[PDB]
>>> print(open('work_3.txt').read())   # compact mmCIF, N, CA, C and O atoms
# COMPACT_ATOMS: atom_id res chain seq x y z
N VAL A 1 0.85 -1.18 0.00
CA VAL A 1 0.00 0.00 0.00
C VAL A 1 0.89 1.23 0.00
O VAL A 1 1.77 1.37 0.86
N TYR A 2 0.66 2.13 -0.96
CA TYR A 2 1.39 3.38 -1.06
C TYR A 2 0.39 4.52 -1.18
O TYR A 2 -0.55 4.44 -1.97
N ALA A 3 0.60 5.58 -0.40
CA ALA A 3 -0.32 6.70 -0.34
C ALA A 3 0.40 7.98 -0.74
O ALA A 3 1.44 8.32 -0.17
N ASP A 4 -0.16 8.69 -1.72
CA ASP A 4 0.34 9.98 -2.16
C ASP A 4 -0.63 11.07 -1.74
O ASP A 4 -1.83 10.83 -1.58
N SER A 5 -0.10 12.28 -1.57
CA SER A 5 -0.90 13.40 -1.09
C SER A 5 -0.49 14.68 -1.80
O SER A 5 0.69 14.91 -2.04
N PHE A 6 -1.48 15.50 -2.13
CA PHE A 6 -1.26 16.78 -2.80
C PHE A 6 -2.54 17.59 -2.71
O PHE A 6 -3.62 17.07 -2.41
N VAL A 7 -2.42 18.89 -2.98
CA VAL A 7 -3.54 19.82 -2.93
C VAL A 7 -3.65 20.51 -4.29
O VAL A 7 -2.68 21.10 -4.77
N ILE A 8 -4.83 20.42 -4.90
CA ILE A 8 -5.10 21.00 -6.21
C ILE A 8 -6.45 21.71 -6.16
O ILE A 8 -7.10 21.77 -5.11
N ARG A 9 -6.87 22.24 -7.30
CA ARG A 9 -8.13 22.96 -7.39
C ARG A 9 -9.31 21.99 -7.34
O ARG A 9 -9.15 20.77 -7.21
N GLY A 10 -10.52 22.54 -7.44
CA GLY A 10 -11.73 21.74 -7.42
C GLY A 10 -11.96 20.97 -8.71
O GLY A 10 -11.95 19.74 -8.71
N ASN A 11 -12.16 21.70 -9.81
CA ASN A 11 -12.36 21.05 -11.10
C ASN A 11 -11.08 20.44 -11.65
O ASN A 11 -11.15 19.64 -12.59
N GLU A 12 -9.92 20.79 -11.10
CA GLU A 12 -8.65 20.23 -11.56
C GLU A 12 -8.46 18.78 -11.11
O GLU A 12 -7.53 18.12 -11.60
N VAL A 13 -9.31 18.27 -10.22
CA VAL A 13 -9.19 16.89 -9.77
C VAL A 13 -9.60 15.91 -10.87
O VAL A 13 -9.30 14.71 -10.76
N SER A 14 -10.28 16.39 -11.92
CA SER A 14 -10.66 15.50 -13.01
C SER A 14 -9.44 14.96 -13.75
O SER A 14 -9.51 13.88 -14.35
N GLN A 15 -8.33 15.69 -13.72
CA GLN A 15 -7.10 15.24 -14.35
C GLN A 15 -6.39 14.14 -13.56
O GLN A 15 -5.41 13.58 -14.06
N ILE A 16 -6.86 13.83 -12.36
CA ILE A 16 -6.26 12.78 -11.53
C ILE A 16 -6.93 11.48 -11.95
O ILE A 16 -7.90 11.02 -11.35
N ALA A 17 -6.39 10.87 -13.00
CA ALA A 17 -6.91 9.62 -13.54
C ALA A 17 -5.84 9.00 -14.42
O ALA A 17 -4.97 9.72 -14.94
N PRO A 18 -5.85 7.68 -14.60
CA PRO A 18 -4.81 7.03 -15.40
C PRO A 18 -4.80 7.52 -16.84
O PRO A 18 -5.81 7.43 -17.55
N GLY A 19 -3.66 8.05 -17.26
CA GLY A 19 -3.46 8.41 -18.65
C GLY A 19 -4.10 9.71 -19.10
O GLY A 19 -4.31 9.90 -20.30
N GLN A 20 -4.42 10.61 -18.17
CA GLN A 20 -5.01 11.88 -18.55
C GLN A 20 -3.93 12.85 -19.04
O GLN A 20 -2.73 12.60 -18.93
N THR A 21 -4.39 13.98 -19.58
CA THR A 21 -3.51 15.02 -20.09
C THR A 21 -3.88 16.36 -19.48
O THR A 21 -5.06 16.63 -19.22
N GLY A 22 -2.88 17.18 -19.25
CA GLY A 22 -3.10 18.49 -18.67
C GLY A 22 -1.85 19.00 -17.99
O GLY A 22 -0.77 18.41 -18.08
N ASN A 23 -2.01 20.14 -17.31
CA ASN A 23 -0.89 20.73 -16.59
C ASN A 23 -0.48 19.87 -15.40
O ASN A 23 0.71 19.83 -15.05
N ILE A 24 -1.43 19.19 -14.78
CA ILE A 24 -1.13 18.33 -13.64
C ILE A 24 -0.87 16.89 -14.09
O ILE A 24 0.08 16.26 -13.62
N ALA A 25 -1.70 16.37 -14.99
CA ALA A 25 -1.59 14.97 -15.40
C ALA A 25 -0.34 14.69 -16.22
O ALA A 25 0.01 13.51 -16.40
N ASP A 26 0.34 15.72 -16.72
CA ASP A 26 1.54 15.53 -17.53
C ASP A 26 2.79 16.19 -16.97
O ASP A 26 3.89 15.73 -17.29
N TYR A 27 2.66 17.23 -16.16
CA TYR A 27 3.81 17.97 -15.66
C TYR A 27 3.96 17.96 -14.15
O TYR A 27 5.00 18.40 -13.65
N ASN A 28 2.97 17.47 -13.41
CA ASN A 28 3.07 17.46 -11.95
C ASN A 28 2.84 16.08 -11.35
O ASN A 28 3.50 15.73 -10.37
N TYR A 29 1.93 15.29 -11.91
CA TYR A 29 1.63 13.96 -11.37
C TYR A 29 0.92 13.15 -12.45
O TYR A 29 -0.19 13.51 -12.85
N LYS A 30 1.55 12.08 -12.91
CA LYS A 30 1.00 11.22 -13.95
C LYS A 30 0.79 9.82 -13.40
O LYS A 30 1.68 9.27 -12.74
N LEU A 31 -0.39 9.25 -13.66
CA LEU A 31 -0.74 7.91 -13.24
C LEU A 31 -0.49 6.91 -14.36
O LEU A 31 -0.71 7.23 -15.54
N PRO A 32 -0.04 5.70 -14.04
CA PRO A 32 0.20 4.70 -15.09
C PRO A 32 -1.10 4.25 -15.73
O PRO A 32 -2.19 4.39 -15.18
N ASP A 33 -0.96 3.69 -16.94
CA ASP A 33 -2.13 3.24 -17.68
C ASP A 33 -2.83 2.08 -16.98
O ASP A 33 -4.05 1.92 -17.12
N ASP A 34 -2.09 1.26 -16.24
CA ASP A 34 -2.65 0.13 -15.50
C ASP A 34 -2.80 0.43 -14.01
O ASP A 34 -2.64 -0.47 -13.18
N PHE A 35 -3.09 1.68 -13.66
CA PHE A 35 -3.24 2.06 -12.27
C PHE A 35 -4.52 1.48 -11.68
O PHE A 35 -5.57 1.46 -12.33
N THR A 36 -4.43 1.01 -10.44
CA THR A 36 -5.57 0.48 -9.71
C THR A 36 -5.54 1.02 -8.29
O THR A 36 -4.48 1.05 -7.65
N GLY A 37 -6.70 1.46 -7.80
CA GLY A 37 -6.78 2.02 -6.46
C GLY A 37 -8.02 2.90 -6.33
O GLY A 37 -9.04 2.65 -6.97
N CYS A 38 -7.89 3.93 -5.50
CA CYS A 38 -8.97 4.87 -5.25
C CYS A 38 -8.41 6.28 -5.19
O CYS A 38 -7.26 6.50 -4.82
N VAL A 39 -9.25 7.25 -5.56
CA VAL A 39 -8.91 8.66 -5.51
C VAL A 39 -9.90 9.34 -4.57
O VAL A 39 -11.12 9.28 -4.78
N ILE A 40 -9.37 10.00 -3.54
CA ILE A 40 -10.18 10.66 -2.52
C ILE A 40 -9.89 12.15 -2.57
O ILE A 40 -8.73 12.56 -2.61
N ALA A 41 -10.95 12.96 -2.57
CA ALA A 41 -10.81 14.41 -2.60
C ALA A 41 -11.94 15.03 -1.80
O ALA A 41 -13.04 14.47 -1.71
N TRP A 42 -11.67 16.20 -1.23
CA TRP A 42 -12.65 16.90 -0.41
C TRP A 42 -12.27 18.38 -0.35
O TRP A 42 -11.17 18.77 -0.72
N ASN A 43 -13.21 19.18 0.14
CA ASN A 43 -12.98 20.61 0.26
C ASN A 43 -12.00 20.91 1.39
O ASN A 43 -12.05 20.28 2.45
N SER A 44 -11.11 21.87 1.16
CA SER A 44 -10.14 22.30 2.15
C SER A 44 -10.10 23.82 2.25
O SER A 44 -9.04 24.40 2.54
N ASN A 45 -11.23 24.48 2.02
CA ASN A 45 -11.28 25.93 2.08
C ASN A 45 -11.12 26.45 3.51
O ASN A 45 -10.69 27.59 3.71
N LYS A 46 -11.45 25.63 4.50
CA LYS A 46 -11.34 26.05 5.89
C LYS A 46 -9.90 26.10 6.39
O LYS A 46 -9.65 26.67 7.45
N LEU A 47 -8.96 25.53 5.65
CA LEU A 47 -7.56 25.48 6.07
C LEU A 47 -6.58 26.02 5.04
O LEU A 47 -5.59 26.64 5.41
N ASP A 48 -6.84 25.80 3.75
CA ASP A 48 -5.89 26.15 2.70
C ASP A 48 -6.27 27.41 1.94
O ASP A 48 -5.60 27.76 0.97
N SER A 49 -7.33 28.11 2.35
CA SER A 49 -7.76 29.34 1.69
C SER A 49 -7.36 30.54 2.54
O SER A 49 -7.71 30.62 3.72
N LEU B 1 -3.35 6.22 -32.22
CA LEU B 1 -2.34 6.56 -31.23
C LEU B 1 -1.85 8.00 -31.33
O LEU B 1 -0.85 8.34 -30.70
N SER B 2 -2.54 8.84 -32.10
CA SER B 2 -2.15 10.24 -32.23
C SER B 2 -3.33 11.16 -31.95
O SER B 2 -3.15 12.30 -31.50
N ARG B 3 -4.55 10.68 -32.21
CA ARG B 3 -5.75 11.48 -31.98
C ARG B 3 -6.33 11.25 -30.59
O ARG B 3 -6.47 12.19 -29.80
N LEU B 4 -6.68 10.00 -30.28
CA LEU B 4 -7.27 9.68 -29.00
C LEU B 4 -6.18 9.52 -27.93
O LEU B 4 -4.99 9.42 -28.22
N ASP B 5 -6.62 9.51 -26.66
CA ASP B 5 -5.72 9.34 -25.54
C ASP B 5 -5.44 7.86 -25.30
O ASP B 5 -6.29 7.01 -25.58
N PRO B 6 -4.26 7.54 -24.78
CA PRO B 6 -3.88 6.13 -24.57
C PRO B 6 -4.89 5.37 -23.72
O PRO B 6 -5.31 4.27 -24.12
N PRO B 7 -5.30 5.87 -22.54
CA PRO B 7 -6.13 5.03 -21.67
C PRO B 7 -7.51 4.74 -22.23
O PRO B 7 -8.07 3.68 -21.94
N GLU B 8 -8.08 5.64 -23.04
CA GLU B 8 -9.41 5.42 -23.59
C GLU B 8 -9.38 4.79 -24.97
O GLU B 8 -10.41 4.26 -25.41
N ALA B 9 -8.25 4.82 -25.67
CA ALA B 9 -8.13 4.16 -26.96
C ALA B 9 -7.73 2.70 -26.85
O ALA B 9 -7.58 2.04 -27.89
N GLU B 10 -7.55 2.18 -25.64
CA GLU B 10 -7.18 0.78 -25.48
C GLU B 10 -8.32 -0.14 -25.88
O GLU B 10 -8.08 -1.22 -26.44
N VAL B 11 -9.56 0.27 -25.62
CA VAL B 11 -10.70 -0.55 -26.00
C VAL B 11 -10.83 -0.63 -27.52
O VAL B 11 -11.19 -1.67 -28.07
N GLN B 12 -10.51 0.46 -28.22
CA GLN B 12 -10.55 0.44 -29.68
C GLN B 12 -9.51 -0.51 -30.25
O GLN B 12 -9.79 -1.27 -31.18
N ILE B 13 -8.29 -0.48 -29.70
CA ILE B 13 -7.24 -1.39 -30.16
C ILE B 13 -7.63 -2.83 -29.84
O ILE B 13 -7.38 -3.74 -30.64
N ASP B 14 -8.24 -3.06 -28.68
CA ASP B 14 -8.67 -4.40 -28.32
C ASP B 14 -9.73 -4.91 -29.28
O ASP B 14 -9.69 -6.07 -29.72
N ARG B 15 -10.69 -4.06 -29.64
CA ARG B 15 -11.73 -4.46 -30.58
C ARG B 15 -11.16 -4.72 -31.97
O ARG B 15 -11.57 -5.66 -32.66
N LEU B 16 -10.20 -3.89 -32.40
CA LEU B 16 -9.55 -4.12 -33.68
C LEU B 16 -8.80 -5.45 -33.69
O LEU B 16 -8.85 -6.20 -34.67
N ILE B 17 -8.08 -5.75 -32.60
CA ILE B 17 -7.35 -7.01 -32.52
C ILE B 17 -8.31 -8.19 -32.52
O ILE B 17 -8.05 -9.21 -33.18
N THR B 18 -9.43 -8.07 -31.82
CA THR B 18 -10.42 -9.14 -31.81
C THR B 18 -11.00 -9.36 -33.21
O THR B 18 -11.15 -10.50 -33.66
N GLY B 19 -11.34 -8.27 -33.91
CA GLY B 19 -11.87 -8.41 -35.25
C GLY B 19 -10.88 -9.03 -36.21
O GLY B 19 -11.24 -9.90 -37.02
N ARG B 20 -9.61 -8.61 -36.15
CA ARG B 20 -8.60 -9.19 -37.02
C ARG B 20 -8.35 -10.65 -36.67
O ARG B 20 -8.13 -11.47 -37.57
N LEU B 21 -8.39 -11.00 -35.39
CA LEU B 21 -8.22 -12.39 -34.99
C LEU B 21 -9.36 -13.25 -35.50
O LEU B 21 -9.14 -14.38 -35.95
N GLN B 22 -10.59 -12.74 -35.46
CA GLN B 22 -11.72 -13.49 -36.00
C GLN B 22 -11.62 -13.63 -37.52
O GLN B 22 -11.90 -14.70 -38.07
N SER B 23 -11.21 -12.56 -38.20
CA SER B 23 -11.06 -12.61 -39.65
C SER B 23 -9.93 -13.54 -40.07
O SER B 23 -9.96 -14.09 -41.18
N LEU B 24 -8.93 -13.72 -39.22
CA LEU B 24 -7.88 -14.69 -39.51
C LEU B 24 -8.30 -16.11 -39.15
O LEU B 24 -7.91 -17.06 -39.84
N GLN B 25 -9.11 -16.27 -38.10
CA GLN B 25 -9.57 -17.60 -37.71
C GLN B 25 -10.52 -18.18 -38.75
O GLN B 25 -10.44 -19.37 -39.08
N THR B 26 -11.43 -17.36 -39.29
CA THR B 26 -12.31 -17.86 -40.34
C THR B 26 -11.52 -18.22 -41.60
O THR B 26 -11.84 -19.21 -42.28
N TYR B 27 -10.46 -17.46 -41.90
CA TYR B 27 -9.61 -17.80 -43.03
C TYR B 27 -8.87 -19.11 -42.79
O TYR B 27 -8.73 -19.93 -43.71
N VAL B 28 -8.39 -19.33 -41.57
CA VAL B 28 -7.71 -20.58 -41.24
C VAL B 28 -8.69 -21.75 -41.35
O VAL B 28 -8.32 -22.84 -41.81
N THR B 29 -9.94 -21.54 -40.94
CA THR B 29 -10.94 -22.60 -41.06
C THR B 29 -11.23 -22.93 -42.52
O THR B 29 -11.30 -24.11 -42.91
N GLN B 30 -11.39 -21.90 -43.36
CA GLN B 30 -11.60 -22.13 -44.79
C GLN B 30 -10.40 -22.85 -45.40
O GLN B 30 -10.56 -23.74 -46.24
N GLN B 31 -9.19 -22.47 -44.99
CA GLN B 31 -7.99 -23.12 -45.50
C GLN B 31 -7.92 -24.58 -45.07
O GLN B 31 -7.51 -25.44 -45.85
N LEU B 32 -8.33 -24.87 -43.83
CA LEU B 32 -8.37 -26.26 -43.38
C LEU B 32 -9.36 -27.08 -44.18
O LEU B 32 -9.07 -28.22 -44.58
N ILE B 33 -10.55 -26.52 -44.44
CA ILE B 33 -11.56 -27.24 -45.22
C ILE B 33 -11.05 -27.51 -46.63
O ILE B 33 -11.15 -28.63 -47.16
N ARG B 34 -10.49 -26.48 -47.27
CA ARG B 34 -9.98 -26.65 -48.62
C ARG B 34 -8.77 -27.58 -48.66
O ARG B 34 -8.59 -28.30 -49.64
N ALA B 35 -7.97 -27.61 -47.60
CA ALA B 35 -6.84 -28.53 -47.55
C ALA B 35 -7.32 -29.97 -47.41
O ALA B 35 -6.74 -30.88 -48.01
N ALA B 36 -8.37 -30.19 -46.61
CA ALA B 36 -8.95 -31.53 -46.53
C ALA B 36 -9.51 -31.96 -47.88
O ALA B 36 -9.35 -33.11 -48.30
N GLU B 37 -10.18 -31.04 -48.58
CA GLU B 37 -10.71 -31.36 -49.91
C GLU B 37 -9.58 -31.69 -50.88
O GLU B 37 -9.68 -32.64 -51.67
N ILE B 38 -8.50 -30.91 -50.85
CA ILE B 38 -7.36 -31.16 -51.74
C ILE B 38 -6.70 -32.48 -51.39
O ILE B 38 -6.24 -33.21 -52.27
N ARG B 39 -6.64 -32.82 -50.10
CA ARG B 39 -6.07 -34.11 -49.70
C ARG B 39 -6.91 -35.27 -50.22
O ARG B 39 -6.37 -36.26 -50.71
N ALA B 40 -8.24 -35.16 -50.12
CA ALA B 40 -9.10 -36.20 -50.66
C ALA B 40 -8.94 -36.32 -52.17
O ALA B 40 -8.84 -37.43 -52.71
N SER B 41 -8.89 -35.19 -52.87
CA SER B 41 -8.72 -35.22 -54.32
C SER B 41 -7.37 -35.81 -54.71
O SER B 41 -7.27 -36.55 -55.69
N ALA B 42 -6.32 -35.52 -53.93
CA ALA B 42 -5.00 -36.05 -54.23
C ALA B 42 -4.93 -37.55 -53.96
O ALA B 42 -4.28 -38.28 -54.70
N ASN B 43 -5.60 -38.01 -52.90
CA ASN B 43 -5.68 -39.45 -52.65
C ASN B 43 -6.41 -40.16 -53.79
O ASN B 43 -5.97 -41.22 -54.25
N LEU B 44 -7.51 -39.58 -54.26
CA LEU B 44 -8.23 -40.17 -55.38
C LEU B 44 -7.37 -40.18 -56.64
O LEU B 44 -7.36 -41.16 -57.39
N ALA B 45 -6.64 -39.09 -56.89
CA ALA B 45 -5.78 -39.02 -58.07
C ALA B 45 -4.64 -40.02 -57.99
O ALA B 45 -4.27 -40.62 -59.00
N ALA B 46 -4.08 -40.22 -56.80
CA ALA B 46 -3.02 -41.21 -56.64
C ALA B 46 -3.55 -42.63 -56.83
O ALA B 46 -2.89 -43.47 -57.44
N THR B 47 -4.75 -42.90 -56.31
CA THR B 47 -5.37 -44.20 -56.53
C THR B 47 -5.61 -44.45 -58.02
O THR B 47 -5.36 -45.55 -58.52
N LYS B 48 -6.09 -43.43 -58.74
CA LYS B 48 -6.32 -43.59 -60.17
C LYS B 48 -5.00 -43.76 -60.92
O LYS B 48 -4.92 -44.53 -61.88
N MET B 49 -3.96 -43.04 -60.50
CA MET B 49 -2.64 -43.20 -61.12
C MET B 49 -2.11 -44.61 -60.92
O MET B 49 -1.51 -45.20 -61.83
>>> encode(input="work_3.txt", output="structure tokens")
Amino acid sequence: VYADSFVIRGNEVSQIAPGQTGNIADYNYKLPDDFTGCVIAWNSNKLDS
Amino acid sequence: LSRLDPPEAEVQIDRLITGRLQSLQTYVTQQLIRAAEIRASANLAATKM
């Protein structure tokens, strides 16, 4: 089990998927084509805003 | 591999491979049938010879 953590925008979480393209999916964090697991996201405006 | 994205174009490549495999399997079946027919004809021709 390996856990990664990062903070991104709201609609920018759509790029967090295997083989996506974008500023994050290609230049900051890229997932393998055979990736298996779960993606968890939630609001953090109370702490990171 | 230039227009669509890798993770979503995998199903298209899989379907193409399946179609080509079926088109080759039916050809192999036809070739087997025609080879059996040619074998029977050759046995008859050898018997007549």
>>> interface_residues(input="work_3.txt", of="chain B", to="chain A", cutoff="8 Å", atoms="all atoms listed in the file", output="list in words")
residues 4, 5, 6, 7 and 8 of chain B
>>> atom_distance(input="work_3.txt", atom1="atom C of residue 46 (chain A)", atom2="atom C of residue 7 (chain A)")
13.6 Å
>>> atom_distance(input="work_3.txt", atom1="CA of residue 40 (chain A)", atom2="atom O of residue 4 (chain A)")
8.4 Å
>>> residues_around(input="work_3.txt", residues="residue 15 (chain A)", least_positions_apart="6", cutoff="8 Å", atoms="all atoms listed in the file", output="PyMOL selection string")
chain A and resi 21-26+29-31
>>> write_last_selection(input="work_3.txt", atoms="N, CA, C and O atoms", output="PDB file, keeping the file's coordinate frame")
ATOM      1  N   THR A  21      -4.390  13.980 -19.580  1.00  0.00           N
ATOM      2  CA  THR A  21      -3.510  15.020 -20.090  1.00  0.00           C
ATOM      3  C   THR A  21      -3.880  16.360 -19.480  1.00  0.00           C
ATOM      4  O   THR A  21      -5.060  16.630 -19.220  1.00  0.00           O
ATOM      5  N   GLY A  22      -2.880  17.180 -19.250  1.00  0.00           N
ATOM      6  CA  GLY A  22      -3.100  18.490 -18.670  1.00  0.00           C
ATOM      7  C   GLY A  22      -1.850  19.000 -17.990  1.00  0.00           C
ATOM      8  O   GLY A  22      -0.770  18.410 -18.080  1.00  0.00           O
ATOM      9  N   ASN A  23      -2.010  20.140 -17.310  1.00  0.00           N
ATOM     10  CA  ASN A  23      -0.890  20.730 -16.590  1.00  0.00           C
ATOM     11  C   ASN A  23      -0.480  19.870 -15.400  1.00  0.00           C
ATOM     12  O   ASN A  23       0.710  19.830 -15.050  1.00  0.00           O
ATOM     13  N   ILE A  24      -1.430  19.190 -14.780  1.00  0.00           N
ATOM     14  CA  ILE A  24      -1.130  18.330 -13.640  1.00  0.00           C
ATOM     15  C   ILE A  24      -0.870  16.890 -14.090  1.00  0.00           C
ATOM     16  O   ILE A  24       0.080  16.260 -13.620  1.00  0.00           O
ATOM     17  N   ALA A  25      -1.700  16.370 -14.990  1.00  0.00           N
ATOM     18  CA  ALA A  25      -1.590  14.970 -15.400  1.00  0.00           C
ATOM     19  C   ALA A  25      -0.340  14.690 -16.220  1.00  0.00           C
ATOM     20  O   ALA A  25       0.010  13.510 -16.400  1.00  0.00           O
ATOM     21  N   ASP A  26       0.340  15.720 -16.720  1.00  0.00           N
ATOM     22  CA  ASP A  26       1.540  15.530 -17.530  1.00  0.00           C
ATOM     23  C   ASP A  26       2.790  16.190 -16.970  1.00  0.00           C
ATOM     24  O   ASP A  26       3.890  15.730 -17.290  1.00  0.00           O
ATOM     25  N   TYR A  29       1.930  15.290 -11.910  1.00  0.00           N
ATOM     26  CA  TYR A  29       1.630  13.960 -11.370  1.00  0.00           C
ATOM     27  C   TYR A  29       0.920  13.150 -12.450  1.00  0.00           C
ATOM     28  O   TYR A  29      -0.190  13.510 -12.850  1.00  0.00           O
ATOM     29  N   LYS A  30       1.550  12.080 -12.910  1.00  0.00           N
ATOM     30  CA  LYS A  30       1.000  11.220 -13.950  1.00  0.00           C
ATOM     31  C   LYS A  30       0.790   9.820 -13.400  1.00  0.00           C
ATOM     32  O   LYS A  30       1.680   9.270 -12.740  1.00  0.00           O
ATOM     33  N   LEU A  31      -0.390   9.250 -13.660  1.00  0.00           N
ATOM     34  CA  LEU A  31      -0.740   7.910 -13.240  1.00  0.00           C
ATOM     35  C   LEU A  31      -0.490   6.910 -14.360  1.00  0.00           C
ATOM     36  O   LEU A  31      -0.710   7.230 -15.540  1.00  0.00           O
TER      37      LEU A  31
END
>>> select_by_dssp(input="work_3.txt", residues="chain A", states="helix (DSSP H, G or I)", output="CSV table (one decimal) with N, CA, C and O atoms, in the frame of the given file")
chain,number,residue,atom,x,y,z
A,11,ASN,N,-12.2,21.7,-9.8
A,11,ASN,CA,-12.4,21.0,-11.1
A,11,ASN,C,-11.1,20.4,-11.6
A,11,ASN,O,-11.2,19.6,-12.6
A,12,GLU,N,-9.9,20.8,-11.1
A,12,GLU,CA,-8.6,20.2,-11.6
A,12,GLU,C,-8.5,18.8,-11.1
A,12,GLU,O,-7.5,18.1,-11.6
A,13,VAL,N,-9.3,18.3,-10.2
A,13,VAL,CA,-9.2,16.9,-9.8
A,13,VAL,C,-9.6,15.9,-10.9
A,13,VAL,O,-9.3,14.7,-10.8
A,14,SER,N,-10.3,16.4,-11.9
A,14,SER,CA,-10.7,15.5,-13.0
A,14,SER,C,-9.4,15.0,-13.8
A,14,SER,O,-9.5,13.9,-14.4
A,15,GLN,N,-8.3,15.7,-13.7
A,15,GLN,CA,-7.1,15.2,-14.4
A,15,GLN,C,-6.4,14.1,-13.6
A,15,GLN,O,-5.4,13.6,-14.1
A,23,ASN,N,-2.0,20.1,-17.3
A,23,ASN,CA,-0.9,20.7,-16.6
A,23,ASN,C,-0.5,19.9,-15.4
A,23,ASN,O,0.7,19.8,-15.0
A,24,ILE,N,-1.4,19.2,-14.8
A,24,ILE,CA,-1.1,18.3,-13.6
A,24,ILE,C,-0.9,16.9,-14.1
A,24,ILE,O,0.1,16.3,-13.6
A,25,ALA,N,-1.7,16.4,-15.0
A,25,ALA,CA,-1.6,15.0,-15.4
A,25,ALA,C,-0.3,14.7,-16.2
A,25,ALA,O,0.0,13.5,-16.4
A,26,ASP,N,0.3,15.7,-16.7
A,26,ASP,CA,1.5,15.5,-17.5
A,26,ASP,C,2.8,16.2,-17.0
A,26,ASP,O,3.9,15.7,-17.3
A,27,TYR,N,2.7,17.2,-16.2
A,27,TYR,CA,3.8,18.0,-15.7
A,27,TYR,C,4.0,18.0,-14.2
A,27,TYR,O,5.0,18.4,-13.6
A,45,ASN,N,-11.2,24.5,2.0
A,45,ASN,CA,-11.3,25.9,2.1
A,45,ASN,C,-11.1,26.4,3.5
A,45,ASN,O,-10.7,27.6,3.7
A,46,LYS,N,-11.4,25.6,4.5
A,46,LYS,CA,-11.3,26.0,5.9
A,46,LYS,C,-9.9,26.1,6.4
A,46,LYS,O,-9.6,26.7,7.4
A,47,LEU,N,-9.0,25.5,5.6
A,47,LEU,CA,-7.6,25.5,6.1
A,47,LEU,C,-6.6,26.0,5.0
A,47,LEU,O,-5.6,26.6,5.4
A,48,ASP,N,-6.8,25.8,3.8
A,48,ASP,CA,-5.9,26.2,2.7
A,48,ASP,C,-6.3,27.4,1.9
A,48,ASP,O,-5.6,27.8,1.0
>>> atom_distance(input="work_3.txt", atom1="CA of residue 40 (chain B)", atom2="CA of residue 27 (chain B)")
19.9 Å
>>> axis_aligned_box(input="work_3.txt", around="region 16-34 of chain B", padding_each_side="5 Å", output="JSON")
{"center_x": -9.8, "center_y": -16.3, "center_z": -40.7, "size_x": 15.0, "size_y": 34.7, "size_z": 27.8}
